[PDB]
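As structure tokens, the structure follows; a few thoughts come after it.
In the UniProt record's numbering, the protein residues as written are 68 to 208.
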């Protein structure tokens, strides 16, 4: 079995900070965590598309850093290596080898985590995330 889920994180402002934990902890996608994940013994998220959609002013400033934590060992963003400029938005596709998506996981266990942290102004709308996950599932429950 193979399935795609799209979910959003909306109303980000310039200093927004947060995380997505992919697996049973993926609160932002209840259809995955409460539905599909309860029907199978094993899953693996084989790819993740992280899109930042800007709503920012042409004169806005700052960036939203994002960090892929493949083993769920990072609690809040520490690496500013990768970032989306708030005025431009951006997109990043993650392959299985980079997101712990090669091995099958028990449906009670989380696979990986994306963290973000903006350095823009809290008063200014930045935009939203649109996240697409591709999930393989097997061994029905």
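Beta carbons are placed, not taken as given, at the ideal position from N, Cα and C, and that holds for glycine.
The region 70-133 contains, as complete beta strand (DSSP E) runs of 3+ residues, the segments 84-89 and 107-121 (chain order). Just measuring C-alpha positions, the residue of 154, 158, 105 and 178 sitting nearest residue 137 is 178.
Shown here for residue 68: same chain residues with a beta carbon closer than 8 Å to its own, the five before and five after excluded, namely 107, 203, 204 and 205 in chain order. Taking the Cα of residue 90 as reference, the smallest distance to any Cα among 207, 200 and 208 is reached at 200. In the assembly as shown, residue 158 is an exposed residue. Its beta-carbon has fewer than 16 other beta-carbons within 10 Å.
Going by DSSP, residue 167 is part of no beta strand (DSSP E) at all; its letter is neither H nor E. In the DSSP assignment, no residue is bridged to residue 147.
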